[PDB]
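Coming up are structure 1 and structure 2: the same protein chain in two forms, each one given alone as structure tokens.
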Structure 1
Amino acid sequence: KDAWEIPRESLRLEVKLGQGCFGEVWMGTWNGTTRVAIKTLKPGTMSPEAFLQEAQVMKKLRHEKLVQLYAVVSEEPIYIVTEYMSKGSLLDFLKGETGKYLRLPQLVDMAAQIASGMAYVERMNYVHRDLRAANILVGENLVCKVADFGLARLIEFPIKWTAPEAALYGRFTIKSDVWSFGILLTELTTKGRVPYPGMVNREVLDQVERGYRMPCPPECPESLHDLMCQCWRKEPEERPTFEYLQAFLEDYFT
């Protein structure tokens, strides 16, 4: 146990925002005053030690562009308490009505933020491994935080987002995340459309290995598509660093 623990009695779960195979996500209050989001462990899906691995990472990962860990209740049902993001996953937001009026600059701005969070994880020597629009949370003011560190591992699957070397040989490095990001970029620029349309798992992989890359989205500026191509380079070392991506994305409209 440790200093991140809080009494279960201090939390009032209220609305169920969504749910994953490994638990669920509820909106609630902490000590009556703080409105939070709690991720619970359904007694079946997996071992409590594992559900907690995610929180541990968050105990060490603290950045304004990463969802913030508030507290934990490691007594099963395990609760993981974090800040609350008013708009939910970026994916839904995009596929939603408010997302349809979003313009290039707003989109790039959001990309810039995600990149900022990732620039942190990068210099912190961790690898997220599950980077896609579904794992980004939109708070108030089109602010985006990065969630889901269930696969976050310090450098000692959703195939359509996973870099080939990682999907194939297990080489997960921050570079395979850069790959995932370029894919995320297509989601932003396509208003949440699915990567590699009409393609199945094995097919996607075979295509990418044969050098196939997604074409520049319509409505999407080549320069941005070029950026996506740097992310998708076959050579992990030829892929950009998040620090760069970030600087670049911020400077975009200039």
Structure 2
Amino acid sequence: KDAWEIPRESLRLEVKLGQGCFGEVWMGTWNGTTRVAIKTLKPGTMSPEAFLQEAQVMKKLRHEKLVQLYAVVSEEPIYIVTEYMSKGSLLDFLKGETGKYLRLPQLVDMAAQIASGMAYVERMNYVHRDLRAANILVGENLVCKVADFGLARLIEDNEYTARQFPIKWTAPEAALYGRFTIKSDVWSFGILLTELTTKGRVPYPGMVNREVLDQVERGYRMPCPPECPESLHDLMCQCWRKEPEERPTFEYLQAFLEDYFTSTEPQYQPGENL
């Protein structure tokens, strides 16, 4: 069951979906039979051994709301092979043609699905380290899956990529002191909730990374997004407690969001955008 390293010749890279900071994502075909996504890593951006050791852990994480790792090509340039998610990143989906039609019920259901995957990560005593809408994938029927879990711990710049960090999504104890835990992921999830309720806008509008760190450190928190109910902003603010142990669990977040329109905001009615 550990024989998941594959020869590069077993993959056809057929359609380039986009370019990231560290490589490319392709739609392709594996073993002549299977539709896959292929994520490529420029040489020198990740230690092959360290990747394989982490991949052994990641291959064990199996949940309907986590993207499934199928295979790796372990020679530089490293290729990661996963299931194909037909609507791409949640961030692109929110910002695309469909995004303008999403209302609060769809966005809260998407949040509940992300919370369910993260509750699994929580049960497995694992840590994502880079939770944000860019690292959620969307399929048919608004299925959302958590992607890119664990990788941030291993990613480095090469000479090229160095000429180009998600501070705005990162809990202060993680950004400042390297204290990455499930509770720093909960902070990230709170920021992700702002991405959902603004249909993809960058957090802390008008602020650069240094201003965000300065302001958050002195107690600043984002205010309630336009048309967002106060009750959902209150949940965001629980995720952004200074004391990490006082932030909610993903188990709690999942339950709150699943039950939201019955228990919390039954008075919901559609407005201009939500």
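One-based numbering along structure 1's sequence throughout. Each form is matched to the other, and the largest set of C-alpha atoms that superpose within 1.5 Å is called the rigid core.
**Q** Quick one: with the rigid core lined up, which of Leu151, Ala112, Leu91, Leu104 moves its CA 2 Å or more between structure 1 and structure 2?
**A** Everything else stays below 2 Å; the exception is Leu151.
**Q** With both forms fit on the core, is the shift of the CA atom of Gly32 between structure 1 and structure 2 2 Å or larger?
**A** Moves: yes, 2 Å or greater.
**Q** Taking the rigid core as reference, does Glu76 move its C-alpha 2 Å or further between structure 1 and structure 2?
**A** Shift of 2 Å or more: yes.
**Q** Using the core for the fit, does the CA position of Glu49 change by 2 Å or more between structure 1 and structure 2?
**A** The answer is yes; the displacement is at least 2 Å.
**Q** Fit the two forms on their core, then tell me the C-alpha shift of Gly23 between structure 1 and structure 2 in angstrom.
**A** It moves 2.4 Å at the C-alpha.
**Q** Looking at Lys191, what is the CA displacement between structure 1 and structure 2 after core superposition, in angstrom?
**A** In the core superposition between structure 1 and structure 2, the C-alpha of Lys191 moves 0.7 Å.
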